[PDB]
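Read the structure below first, then the notes.
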Amino acid sequence: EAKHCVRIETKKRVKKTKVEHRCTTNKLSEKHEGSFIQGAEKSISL
Amino acid sequence: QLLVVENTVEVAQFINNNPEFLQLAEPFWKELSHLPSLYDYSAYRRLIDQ
């Protein structure tokens with residue numbers, strides 16, 4: 395996960414002002430599951 | 249994957265006598281009788297076939 399939020403404000407006067418926000422978020426989840434069962438039988442009878 | 253490889257033997261063996269003392273079956277002896285006494289392979293092949 396990431397949050398990356400930035401904010402800037404500005405004003406100038408003898412009048413102009415800006416207040417501004419931009420921020421972007423990422424999420425990831427990988428999930429893994431695995432199974433392997435192997436087997437062998439021999440039976441030799443006399 | 250299964251393999252089953254399986255035998256029951258219960259006539260442990262038979263041993264037939266040697267060719268001298270064996271008794272031929274009547275039809276087999278009849279077919280031998282009718283063999284041509286010459287290499288006519290058609291007849292002997294019909295014998296080996298039967």
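Chains B and C supply the protein sequences, listed in that same order.
Those letters in the first sequence? Residues 395 to 408, 412 to 443, by the authors' numbering.
Numbering of the second sequence is given in the authors' numbering, commencing with residue 249 and proceeding in unit increments.
Beta carbons: idealized from backbone N, C-alpha and C, even for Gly.
Sequence-distant residues of its chain with Cβ nearer than 7 Å to residue i (five each side left out)
| i | result |
| --- | --- |
| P275 of chain C | none |
| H282 of chain C | none |
| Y292 of chain C | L283 |
CA-to-CA distance, residue j to residue i, given in whole angstroms
| i | j | result |
| --- | --- | --- |
| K412 of chain B | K428 of chain B | 54 Å |
| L270 of chain C | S442 of chain B | 37 Å |
| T404 of chain B | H418 of chain B | 12 Å |
| residue 314 of chain C | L272 of chain C | Residue coverage of chain C in this structure runs from 249 to 298, which leaves residue 314 of chain C outside it and unanswerable. |
| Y287 of chain C | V259 of chain C | 40 Å |
Closest residue to residue i among the options (Cα-Cα distance)
| i | options | result |
| --- | --- | --- |
| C420 of chain B | B:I402, B:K439, B:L443 | B:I402 |
| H398 of chain B | B:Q435, B:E438, B:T414, B:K424 | B:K424 |
Neighbourhood of residue i by C-beta distance below 6 Å, restricted to the same chain and skipping five residues each side
| i | result |
| --- | --- |
| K406 of chain B | none |
| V416 of chain B | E403 |
DSSP state of residue i mapped onto helix, strand, coil
| i | result |
| --- | --- |
| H418 of chain B | strand |
| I296 of chain C | helix |
| residue 410 of chain B | Absent here is residue 410 of chain B, because the residues of chain B run from 408 on to 412 with nothing modelled in between. |
| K405 of chain B | strand |
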